[PDB]
Every structure is written in C-alpha cells, then in structure tokens.
Amino acid sequence: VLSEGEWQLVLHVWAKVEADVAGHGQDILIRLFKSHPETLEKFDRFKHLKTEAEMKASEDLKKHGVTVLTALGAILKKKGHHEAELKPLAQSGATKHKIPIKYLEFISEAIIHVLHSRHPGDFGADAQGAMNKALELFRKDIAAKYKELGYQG
Ligand code: HEM
C-alpha cells in the first residue's frame, strides 16, 4: 500500500506522461525490446522491425504503446483500488499472451528509465520510490490474479 503523498507523486509525473502518450509509449517499448530482446518475441507484427528508427515509424507499434499506457494510467489513477481494471489484463496475460511477471519487471524498468530521461525535474528520488511502489503493487496483484486463473508466470 502507498501513502496519499506517494500516490500524488505518481499521478504528478503521470500527468506529464499524458502530454505525449504516443512518444512515451514508443520510447518505453523500444527501451524494453533493446534491453531484453526476448520480450520482442511476444509481438508477431513487431519482430520485422530491425532498427530503432523502424520502430518509431511503425504506426502499429505507436498505437500499441498508447493502448498499454492508457491501461496503466487508468490503473494508477485508482490508487490501489484497481481490481476491476486489472482483471482483464490478468486474463489476457495469463490465458492468451503468457506474459511472465519477470517480463512485467522488464517493462517496469523501461517505464522508470524513460520517465527519468524525460522528466528528471519531476522524477527525483521520492517520486522514483513512489512509482516503484505503484508498479510493485501492480505486479503483485496481477501475479495473484494470474494464479487464480492457473498461470504460474
Ligand atoms: C505495464 C504493463 C502492461 C500493460 C498495461 C499492458 C496492456 C495491454 C493491453 C491493454 C493490451 C490490449 C489488450 C489485451 O490483449 O489485453 C495489450 C496487449 C498485448 N500485450 Fe500487454 N501490457 C503490459 C505489458 C506487456 C509486456 C511486458 C508484454 C511482453 C513482453 C506484453 C505483451 C502483449 C502482447 C503480445 C499483446 C497483444 C498485442 C497484439 O498483437 O495486438 N504486454 N497489453
């Protein structure tokens, strides 16, 4: 659980993300694929992208990043009260895409990296701490939903 001031730091930087959801979405996916290339194997229509520039020119990738960040934002705004919003992600992660929690740690690292690269002035230690706790809670609660659906990833 996060304190009310921790949630405000999370939503404060998140408001900055929403000034450019598409570009943040692209930088996060690209950072994920580069840091942890195994993750790119989950995306059938994205593994023909061989270069950073090709990934940025792909409209489908950009659209996907907005879909990912929109869902994540809607969860964060619930400040922990996110069972209704989380359940559909658990279901497709556990029953369709098979996305292990380690891969959610990978994209969590990418999110922190890009937030610090773009917003250092609104993402110092305390805000990094708060966002870390929020994503930790996200992963903890999706793991528990994964197991209720019979996925141990
Ligand atoms: C912050 C964490 C994440 C969020 C909020 C998120 C959200 C979403 C949403 C909203 C969709 C479309 C709906 C559905 O299928 O559920 C999607 C699809 C997808 N996700 Fe995730 N995702 C996350 C992390 C990941 C990671 C870490 C992987 C892989 C390494 C992944 C792989 C996929 C794939 C393969 C699809 C299907 C895409 C298609 O080809 O149209 N996701 N995700």
# chains A, B, ... in the order shown; residues from 1 in each chain; ligands from 1
>>> residues_near_ligand(ligand="ligand 1", cutoff="10 Å", atoms="only C-alpha atoms and all ligand atoms", output="JSON, numbers by chain")
{"A": [28, 29, 32, 33, 36, 37, 38, 39, 40, 41, 42, 43, 44, 45, 46, 60, 61, 63, 64, 65, 66, 67, 68, 69, 70, 71, 72, 73, 74, 75, 85, 86, 87, 88, 89, 90, 91, 92, 93, 94, 95, 96, 97, 98, 99, 100, 101, 102, 103, 104, 105, 106, 107, 108, 110, 111, 135, 138, 139, 142]}
>>> select_by_dssp(residues="range 26-131 of chain A", states="alpha helix (DSSP H)", output="compact mmCIF listing (two decimals) with N, CA, C and O atoms, in the first residue's frame")
# COMPACT_ATOMS: atom_id res chain seq x y z
N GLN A 26 6.24 4.83 -27.30
CA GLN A 26 7.28 4.36 -28.22
C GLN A 26 8.62 4.20 -27.51
O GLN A 26 9.28 3.10 -27.71
N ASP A 27 9.03 5.19 -26.72
CA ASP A 27 10.33 5.07 -26.06
C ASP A 27 10.36 3.90 -25.06
O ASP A 27 11.45 3.27 -24.94
N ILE A 28 9.21 3.69 -24.40
CA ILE A 28 9.19 2.57 -23.42
C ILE A 28 9.28 1.22 -24.15
O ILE A 28 10.11 0.43 -23.67
N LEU A 29 8.50 1.03 -25.19
CA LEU A 29 8.56 -0.26 -25.91
C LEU A 29 9.95 -0.45 -26.48
O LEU A 29 10.59 -1.52 -26.45
N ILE A 30 10.51 0.61 -27.06
CA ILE A 30 11.80 0.41 -27.73
C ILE A 30 12.86 0.08 -26.70
O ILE A 30 13.71 -0.82 -26.90
N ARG A 31 12.83 0.77 -25.56
CA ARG A 31 13.78 0.51 -24.47
C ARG A 31 13.62 -0.93 -23.95
O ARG A 31 14.66 -1.56 -23.59
N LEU A 32 12.37 -1.39 -23.91
CA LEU A 32 12.14 -2.77 -23.46
C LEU A 32 12.80 -3.76 -24.44
O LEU A 32 13.48 -4.72 -23.99
N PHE A 33 12.55 -3.57 -25.72
CA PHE A 33 12.97 -4.55 -26.72
C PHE A 33 14.49 -4.62 -26.82
O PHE A 33 15.05 -5.61 -27.06
N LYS A 34 15.11 -3.45 -26.64
CA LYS A 34 16.55 -3.37 -26.71
C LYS A 34 17.20 -3.93 -25.46
O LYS A 34 18.26 -4.64 -25.45
N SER A 35 16.66 -3.68 -24.28
CA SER A 35 17.32 -4.10 -23.04
C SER A 35 17.17 -5.61 -22.76
O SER A 35 18.04 -6.11 -21.98
N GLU A 52 15.87 1.00 -34.46
CA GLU A 52 15.15 1.97 -33.64
C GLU A 52 14.25 2.85 -34.49
O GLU A 52 13.15 3.22 -34.32
N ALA A 53 14.84 3.32 -35.62
CA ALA A 53 14.08 4.18 -36.50
C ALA A 53 12.86 3.51 -37.10
O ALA A 53 11.76 3.98 -37.36
N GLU A 54 13.01 2.21 -37.41
CA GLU A 54 11.86 1.48 -37.96
C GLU A 54 10.77 1.32 -36.89
O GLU A 54 9.55 1.40 -37.19
N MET A 55 11.26 1.10 -35.67
CA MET A 55 10.25 1.00 -34.58
C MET A 55 9.51 2.31 -34.38
O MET A 55 8.25 2.30 -34.14
N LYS A 56 10.20 3.44 -34.50
CA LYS A 56 9.49 4.73 -34.37
C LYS A 56 8.57 5.08 -35.50
O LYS A 56 7.52 5.84 -35.36
N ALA A 57 8.86 4.60 -36.72
CA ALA A 57 8.00 4.83 -37.85
C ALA A 57 6.82 3.88 -37.89
O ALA A 57 5.98 4.01 -38.68
N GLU A 59 3.43 2.83 -37.14
CA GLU A 59 2.18 3.27 -36.56
C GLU A 59 1.59 2.19 -35.65
O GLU A 59 0.98 2.54 -34.53
N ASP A 60 1.67 0.93 -36.08
CA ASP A 60 1.07 -0.08 -35.19
C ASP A 60 1.76 -0.14 -33.86
O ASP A 60 1.20 -0.29 -32.74
N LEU A 61 3.07 -0.03 -33.79
CA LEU A 61 3.77 -0.04 -32.52
C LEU A 61 3.36 1.17 -31.68
O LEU A 61 3.15 1.06 -30.44
N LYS A 62 3.28 2.34 -32.34
CA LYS A 62 2.90 3.54 -31.59
C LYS A 62 1.52 3.43 -30.99
O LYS A 62 1.22 3.83 -29.78
N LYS A 63 0.57 2.90 -31.76
CA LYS A 63 -0.79 2.67 -31.33
C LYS A 63 -0.73 1.70 -30.16
O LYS A 63 -1.48 1.93 -29.09
N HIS A 64 0.11 0.65 -30.29
CA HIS A 64 0.10 -0.31 -29.18
C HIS A 64 0.59 0.35 -27.89
O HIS A 64 0.13 0.17 -26.69
N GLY A 65 1.60 1.22 -27.97
CA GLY A 65 2.17 1.84 -26.79
C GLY A 65 1.12 2.73 -26.15
O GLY A 65 1.11 2.84 -24.83
N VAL A 66 0.25 3.35 -26.96
CA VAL A 66 -0.77 4.21 -26.34
C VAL A 66 -1.79 3.32 -25.62
O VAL A 66 -2.31 3.65 -24.49
N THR A 67 -2.11 2.18 -26.26
CA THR A 67 -3.00 1.21 -25.59
C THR A 67 -2.42 0.75 -24.27
O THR A 67 -3.17 0.68 -23.19
N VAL A 68 -1.16 0.41 -24.20
CA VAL A 68 -0.50 -0.05 -22.96
C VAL A 68 -0.52 1.06 -21.91
O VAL A 68 -0.90 0.86 -20.78
N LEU A 69 -0.11 2.28 -22.30
CA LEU A 69 -0.02 3.35 -21.30
C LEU A 69 -1.37 3.82 -20.81
O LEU A 69 -1.44 4.24 -19.64
N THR A 70 -2.39 3.75 -21.69
CA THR A 70 -3.74 4.14 -21.29
C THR A 70 -4.27 3.21 -20.20
O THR A 70 -4.85 3.66 -19.22
N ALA A 71 -4.01 1.92 -20.42
CA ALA A 71 -4.49 0.93 -19.44
C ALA A 71 -3.75 1.14 -18.13
O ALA A 71 -4.37 1.12 -17.06
N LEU A 72 -2.42 1.33 -18.21
CA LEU A 72 -1.64 1.51 -17.00
C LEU A 72 -2.06 2.77 -16.26
O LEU A 72 -2.20 2.84 -14.98
N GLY A 73 -2.29 3.87 -16.99
CA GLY A 73 -2.72 5.11 -16.37
C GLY A 73 -4.05 4.93 -15.62
O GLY A 73 -4.26 5.43 -14.55
N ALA A 74 -4.97 4.21 -16.24
CA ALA A 74 -6.28 4.04 -15.61
C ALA A 74 -6.14 3.26 -14.31
O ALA A 74 -6.86 3.58 -13.40
N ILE A 75 -5.23 2.29 -14.29
CA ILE A 75 -4.95 1.61 -13.03
C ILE A 75 -4.31 2.53 -12.00
O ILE A 75 -4.75 2.48 -10.82
N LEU A 76 -3.31 3.34 -12.39
CA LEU A 76 -2.60 4.13 -11.40
C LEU A 76 -3.57 5.13 -10.76
O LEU A 76 -3.48 5.35 -9.65
N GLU A 83 -8.93 -3.55 -8.83
CA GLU A 83 -9.28 -4.92 -9.21
C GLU A 83 -10.08 -4.99 -10.51
O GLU A 83 -9.74 -5.91 -11.40
N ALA A 84 -11.06 -4.14 -10.72
CA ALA A 84 -11.90 -4.17 -11.91
C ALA A 84 -11.10 -3.88 -13.18
O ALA A 84 -11.38 -4.36 -14.28
N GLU A 85 -10.10 -3.02 -13.02
CA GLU A 85 -9.29 -2.61 -14.16
C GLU A 85 -8.17 -3.59 -14.46
O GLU A 85 -7.69 -3.78 -15.61
N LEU A 86 -7.68 -4.26 -13.42
CA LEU A 86 -6.60 -5.20 -13.51
C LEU A 86 -7.00 -6.55 -14.06
O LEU A 86 -6.28 -7.24 -14.73
N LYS A 87 -8.20 -7.01 -13.72
CA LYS A 87 -8.64 -8.35 -14.06
C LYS A 87 -8.55 -8.63 -15.55
O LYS A 87 -8.00 -9.70 -15.97
N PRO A 88 -9.04 -7.78 -16.44
CA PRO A 88 -8.89 -8.09 -17.87
C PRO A 88 -7.44 -8.15 -18.28
O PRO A 88 -7.18 -8.99 -19.25
N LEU A 89 -6.51 -7.43 -17.67
CA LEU A 89 -5.13 -7.59 -18.07
C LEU A 89 -4.59 -8.94 -17.61
O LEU A 89 -3.82 -9.52 -18.35
N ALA A 90 -5.03 -9.35 -16.40
CA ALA A 90 -4.58 -10.66 -15.90
C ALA A 90 -5.00 -11.79 -16.84
O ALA A 90 -4.25 -12.73 -17.14
N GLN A 91 -6.24 -11.62 -17.29
CA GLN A 91 -6.87 -12.69 -18.07
C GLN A 91 -6.11 -12.80 -19.38
O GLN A 91 -5.63 -13.79 -19.88
N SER A 92 -5.86 -11.70 -20.09
CA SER A 92 -5.14 -11.88 -21.36
C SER A 92 -3.68 -12.23 -21.11
O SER A 92 -3.05 -13.13 -21.88
N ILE A 101 5.66 -12.54 -14.97
CA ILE A 101 5.93 -11.39 -14.14
C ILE A 101 7.33 -10.87 -14.39
O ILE A 101 7.42 -9.62 -14.31
N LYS A 102 8.32 -11.70 -14.71
CA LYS A 102 9.64 -11.12 -14.99
C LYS A 102 9.52 -10.15 -16.17
O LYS A 102 10.27 -9.09 -16.12
N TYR A 103 8.69 -10.43 -17.16
CA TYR A 103 8.57 -9.50 -18.28
C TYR A 103 7.89 -8.21 -17.83
O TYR A 103 8.12 -7.03 -18.37
N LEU A 104 6.98 -8.26 -16.86
CA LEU A 104 6.45 -7.01 -16.31
C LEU A 104 7.47 -6.26 -15.50
O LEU A 104 7.28 -4.96 -15.43
N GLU A 105 8.43 -6.92 -14.85
CA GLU A 105 9.56 -6.21 -14.24
C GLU A 105 10.35 -5.52 -15.36
O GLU A 105 10.64 -4.36 -15.13
N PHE A 106 10.62 -6.25 -16.45
CA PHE A 106 11.34 -5.60 -17.57
C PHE A 106 10.61 -4.33 -17.99
O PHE A 106 11.37 -3.24 -18.11
N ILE A 107 9.30 -4.38 -18.25
CA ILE A 107 8.70 -3.15 -18.81
C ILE A 107 8.60 -2.14 -17.69
O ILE A 107 8.65 -0.87 -17.98
N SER A 108 8.49 -2.53 -16.43
CA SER A 108 8.55 -1.59 -15.32
C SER A 108 9.89 -0.85 -15.31
O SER A 108 9.96 0.41 -15.07
N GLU A 109 10.99 -1.55 -15.57
CA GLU A 109 12.28 -0.87 -15.60
C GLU A 109 12.27 0.13 -16.76
O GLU A 109 12.79 1.25 -16.49
N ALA A 110 11.71 -0.27 -17.88
CA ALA A 110 11.75 0.65 -19.06
C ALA A 110 10.97 1.92 -18.76
O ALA A 110 11.33 3.04 -19.10
N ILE A 111 9.83 1.77 -18.07
CA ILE A 111 8.99 2.92 -17.72
C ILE A 111 9.73 3.87 -16.82
O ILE A 111 9.77 5.15 -17.02
N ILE A 112 10.39 3.37 -15.79
CA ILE A 112 11.17 4.21 -14.89
C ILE A 112 12.30 4.89 -15.67
O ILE A 112 12.53 6.13 -15.47
N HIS A 113 12.95 4.14 -16.54
CA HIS A 113 14.05 4.74 -17.33
C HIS A 113 13.56 5.92 -18.16
O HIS A 113 14.14 6.99 -18.18
N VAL A 114 12.47 5.70 -18.88
CA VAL A 114 12.00 6.78 -19.78
C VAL A 114 11.43 7.93 -18.98
O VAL A 114 11.65 9.17 -19.37
N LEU A 115 10.70 7.74 -17.90
CA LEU A 115 10.24 8.81 -17.03
C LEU A 115 11.42 9.63 -16.49
O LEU A 115 11.30 10.99 -16.43
N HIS A 116 12.50 8.97 -16.08
CA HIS A 116 13.63 9.74 -15.58
C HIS A 116 14.33 10.46 -16.73
O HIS A 116 14.74 11.56 -16.37
N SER A 117 14.42 9.85 -17.91
CA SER A 117 15.07 10.51 -19.05
C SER A 117 14.29 11.76 -19.46
O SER A 117 14.88 12.86 -19.87
N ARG A 118 12.97 11.75 -19.42
CA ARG A 118 12.16 12.86 -19.94
C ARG A 118 11.80 13.88 -18.88
O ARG A 118 11.57 15.11 -19.18
N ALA A 125 14.22 11.24 -6.33
CA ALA A 125 14.25 10.00 -5.55
C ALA A 125 12.89 9.68 -4.96
O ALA A 125 12.47 8.48 -5.00
N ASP A 126 12.23 10.69 -4.42
CA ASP A 126 10.98 10.34 -3.74
C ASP A 126 9.94 9.89 -4.77
O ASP A 126 9.18 8.88 -4.53
N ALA A 127 9.87 10.57 -5.90
CA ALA A 127 8.91 10.20 -6.93
C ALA A 127 9.30 8.85 -7.54
O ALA A 127 8.37 8.10 -7.87
N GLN A 128 10.59 8.55 -7.72
CA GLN A 128 11.01 7.27 -8.25
C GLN A 128 10.55 6.15 -7.28
O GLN A 128 9.99 5.04 -7.73
N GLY A 129 10.76 6.40 -6.00
CA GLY A 129 10.34 5.49 -4.93
C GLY A 129 8.86 5.23 -5.05
O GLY A 129 8.37 3.95 -5.04
N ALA A 130 8.03 6.26 -5.15
CA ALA A 130 6.58 6.12 -5.23
C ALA A 130 6.19 5.34 -6.47
O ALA A 130 5.35 4.42 -6.41
N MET A 131 6.75 5.63 -7.62
CA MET A 131 6.40 4.92 -8.85
C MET A 131 6.84 3.47 -8.73
O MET A 131 6.07 2.57 -9.13
>>> atom_distance(atom1="CA of residue 20 in chain A", atom2="CA of residue 4 in chain A")
25.6 Å
>>> atom_distance(atom1="CA of residue 119 in chain A", atom2="CA of residue 140 in chain A")
26.2 Å
>>> atom_distance(atom1="CA of residue 21 in chain A", atom2="CA of residue 58 in chain A")
15.2 Å
>>> closest_residue(among="A:80, A:150, A:122, A:49", to="residue 12 in chain A", atoms="only C-alpha atoms")
A:122
